[PDB]
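Take a look at this single chain in structure tokens; it is the form deposited in one PDB entry.
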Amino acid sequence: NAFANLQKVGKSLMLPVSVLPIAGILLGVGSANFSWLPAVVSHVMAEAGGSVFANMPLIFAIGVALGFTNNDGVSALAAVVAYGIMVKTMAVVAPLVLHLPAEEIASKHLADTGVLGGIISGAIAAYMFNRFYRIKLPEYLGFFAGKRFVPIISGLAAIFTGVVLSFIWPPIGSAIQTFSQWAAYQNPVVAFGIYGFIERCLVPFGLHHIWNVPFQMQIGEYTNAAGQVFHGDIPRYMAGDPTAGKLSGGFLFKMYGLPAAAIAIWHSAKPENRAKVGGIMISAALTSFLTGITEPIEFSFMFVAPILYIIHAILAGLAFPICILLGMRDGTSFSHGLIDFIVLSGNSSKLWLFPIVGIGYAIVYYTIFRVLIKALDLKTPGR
């Protein structure tokens, strides 16, 4: 009744994340500002990737809507209408509930529900479709009947849902902002262990993107002589600073660890399901290794095997402190994949340690996965 629903949601979130790898590749290639690509190229590609990642919530809404409606386009249109209505009404009503002057809400992001808003809107659309796509109205009202009725009720519900969330969410956003702001002033290693663990926790319900902004873009600051200012870790690194690369722990589990988890899941299938599982696992591992997108791998075992995801999260959190301790410097554009690992080489210090610690993390991930899956008989993809 609920576990099946969560499994459905995870399964339907796959088509939305099928486009993320290419957007990530485009953004990473463009943001490098290569010395050979004409600027208009690496401008257009960067903007395209940014557009995909900005519409991410809408893609998620459409994917959720089609997941529970047997891939019906009317559900997607209703989802788009509902998402727009919900976002605008939330923005409008939040400053009145919170009595802040309509600007601190956007500056501090207390009304940006992120991808979870897409999920809510898509669920609204799917439920309304499932309930009203065969609605029989009187003949003189026949035009607004059947699937034509769904986009109206989906949006009449969106306005009310946005009104509801404008009161139940700023407490959540305010909390996710304070801690995630307390985490910076916290000692260095503690700060980024917290970052890694909480990001792994948050990615499932689509607001780790909100979590990242403070630590990617705002934690730091640096301006050397004639150079311009840069106020974050992701930018300060690509800005060749001497102390960014505090997010260099992403490579350990996004290029070496989760691929190992994917292969471990692959090698623990049924005597015949191996062939079918292998292709998807290999594709997911390749995507994670290359473009630094881990959602295809995580969503594949997250809901069936929550303990594996908790162990993941602990490992990802552990990755950042060790990389800081050894020094392990290498930066990011949007994620931590091969393309970013290479193009942002720049001032990547101690960059030879990444392959070996990555092999260690692959060993550990594979060991825990193939041990726990066999022991508890978890029905990960293939079982």
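Throughout, we count residues from 1 along the sequence that is shown.
Another form exists, deposited in another entry; not displayed. Remarks below refer to it.
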Practice task
Could you check whether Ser335 and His267 sit in one rigid part, given that the chain shifts as two rigid parts between this form and the one not shown?
Solution key: yes
Problem - Closer or farther in the other entry: C-alpha pair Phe215, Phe53 (3 angstroms or more) - result: closer
Fill in the blank from the handout: Output row for the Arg274-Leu20 CA distance, |change| of 3 angstroms or more in the other entry, reads farther
